[PDB]
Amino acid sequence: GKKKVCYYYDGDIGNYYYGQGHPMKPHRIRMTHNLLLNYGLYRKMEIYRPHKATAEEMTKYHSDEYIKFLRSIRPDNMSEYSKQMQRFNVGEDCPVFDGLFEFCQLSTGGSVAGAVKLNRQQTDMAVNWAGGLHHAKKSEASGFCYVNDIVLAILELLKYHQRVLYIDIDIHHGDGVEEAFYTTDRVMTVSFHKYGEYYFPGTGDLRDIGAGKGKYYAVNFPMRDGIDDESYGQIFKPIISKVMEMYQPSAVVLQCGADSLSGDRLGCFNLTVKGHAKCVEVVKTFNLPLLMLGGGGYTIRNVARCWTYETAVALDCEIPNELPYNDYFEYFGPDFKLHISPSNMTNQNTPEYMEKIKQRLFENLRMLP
């Protein structure tokens, strides 16, 4: 029926600045919080402030060398660590900024706290919008991510769950999560993303299905520019339903990257908030312990709308399209509405392409015991 939702948020998260012109804007999490608070969602869920994850917690997946570098690097001592910066991919994409390590601790802290809270059966859904940083590697930062909170949270769930299902609806391929569990059947990583012609991160081919004991436990749905609600909607439920039937998981982690929305400054997809939220509703019908994370998103007004609505969906709460007054009301102009309209962009994904990729995916799903 209606489930218990635990929400994680640190009031300071919005103060971390990546640098002038960088598209990663932590302020989008404070806009999200302010919007869902202003709609009255605080009355229906538990709000918790996440702890600052320790180097011990982070090293359950990451190397000590990489975590020690992260916990010591600063804009002032930058010149000293020139070699280490290159080794760990800290530079233009993943800059060195004031409070970098603290930001990682808060982002991670909520994901691991949600996994613990779910493990103890104290909640049915845990939400951490500051998490979902799917590109971070064992000893390397990548695509604005430094610590892979998702991998750490999955490692936490694996303590009480034999099989965990990871679903990634960000526009980019969830490389870091896929790589972490590429050779195990204990975690199945299913990712829907845009693919081809030097599009970040370069990975996510349909033919990438896992290795060793993890062969057939890595699923990838490569899409082209312009995918709409209708096209995405016809593939998501059938793939997820088959993955549930064959894989039979006991816990689910769903990364909700909003960079797959219409008009995103870094994305080329054309989903609306109702189309994006349809994925949360689909996953929610299986009534399995669920951890909901954030991820991509540069058009911060659309990110705030999307995650406010997906929190409402998780609560089975109907909220009006008319936006309530809030601390960032001017960002949502000139409509001041919660829902967004799709653009006139061409959907390169022909329905036949969608059905062909889906067919090949189901072939691979037949290979599970």
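Numbering starts at 1 and follows the sequence shown. The term rigid core refers to the most C-alpha atoms you can superpose between the two forms while keeping them within 1.5 Å.
> Between 189-197 and 168-176, where do the CA atoms move more in 9 other deposited structures of this protein, taking the root mean square over the structures and residues after a core fit?
Greater root mean square C-alpha distance in 9 other deposited structures of this protein: 189-197.
> On average, are the C-alpha B-factors higher in 85-93 or in 180-188?
Looking at the record's C-alpha B-factors, the answer is 85-93.
> Looking only at CA atoms, which has the higher mean B factor in the entry: 193-201 or 170-178?
It is 193-201 that shows the higher mean C-alpha B-factor.
> Out of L254, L100, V147, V112, which one has a C-alpha B factor higher than all the others in the entry?
Top of the list by C-alpha B-factor: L100.
> Pick out which of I67, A53, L41, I29 has the highest C-alpha B-factor in the PDB entry.
Among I67, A53, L41, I29, the highest C-alpha B-factor in the entry belongs to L41.
> Is the Cα B-factor recorded for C6 in the lowest, middle or highest third of its chain?
Answer is middle: the recorded C-alpha B-factor places it there.
> Is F332 in the lowest, middle or highest third of its chain when residues are ranked by C-alpha B-factor?
Its C-alpha B-factor, which the entry lists for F332, ranks in the highest third among residues of this chain.
> Against its chain's modelled residues, does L37's Cα B factor rank lowest, middle or highest third?
Middle third, going by the recorded CA B-factors of the chain.
> For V283, does the deposited CA B-factor place it in the lowest, middle or highest third of the chain?
Middle third by C-alpha B-factor.
> Would the CA B-factor of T311 place it in the lowest, middle or highest third of its chain?
Middle third.
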